[PDB]
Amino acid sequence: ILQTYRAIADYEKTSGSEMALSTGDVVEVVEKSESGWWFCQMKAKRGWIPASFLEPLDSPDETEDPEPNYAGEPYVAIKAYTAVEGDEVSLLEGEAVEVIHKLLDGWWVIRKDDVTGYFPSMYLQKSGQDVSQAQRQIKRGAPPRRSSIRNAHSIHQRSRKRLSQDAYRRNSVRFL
């Protein structure tokens, strides 16, 4: 535990070696000094956010997505979902699909019939498991897609690499 203190007045930085304070701010004291200048930090701001709204700093490409598995894994829809974009797949609860790419943004590529499209990983469960358990593991809605952003702002001029649904399909129909 670091000690937590509170600011009783506004403090403006005079040097780049300082932190500004507003009355009421809450800080953790890292180092007290008899100089009267103390090294402190603001309480960390944390929370769950959509991966889709993030990009890495050294390149637009995610480094930890698993590779696609064209053979697929059998899964079933444990919550119904209506397609809003042309690269998504509509499913009723109970429909079986094959998952072929478990991307870290929550929108997995699945095969149904002979076409591919995206579907929320949160609304799928491996075939033959306990559906109620999957449903209780759902604690918020599906993450918004990057495609849902009207105009995204990136620090990279290169676009991130992601196969089109047609490319996924061409691989999918061939590599079972």
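Residues carry their position along the shown sequence, with the first being 1.
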Once average C-alpha B-factors are taken from the entry for 49 to 57 and 135 to 143, the winner is 135 to 143
Could you settle it for me: does 23 to 31 or 103 to 111 have the higher average Cα B factor in the PDB entry? 23 to 31
Looking at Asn69, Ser148, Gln41, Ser121, which has the highest CA B-factor as recorded? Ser148
In terms of the CA temperature factor given in the entry, to which third of its chain does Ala9 belong: lowest, middle or highest? highest
Which third of the chain does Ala152 land in by C-alpha B-factor: lowest, middle or highest? highest
Sorting the chain's modelled residues by C-alpha B-factor and splitting them into thirds places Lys161 in the middle
Binned into thirds over the chain's modelled residues, the C-alpha B-factor of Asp65 lands in the lowest
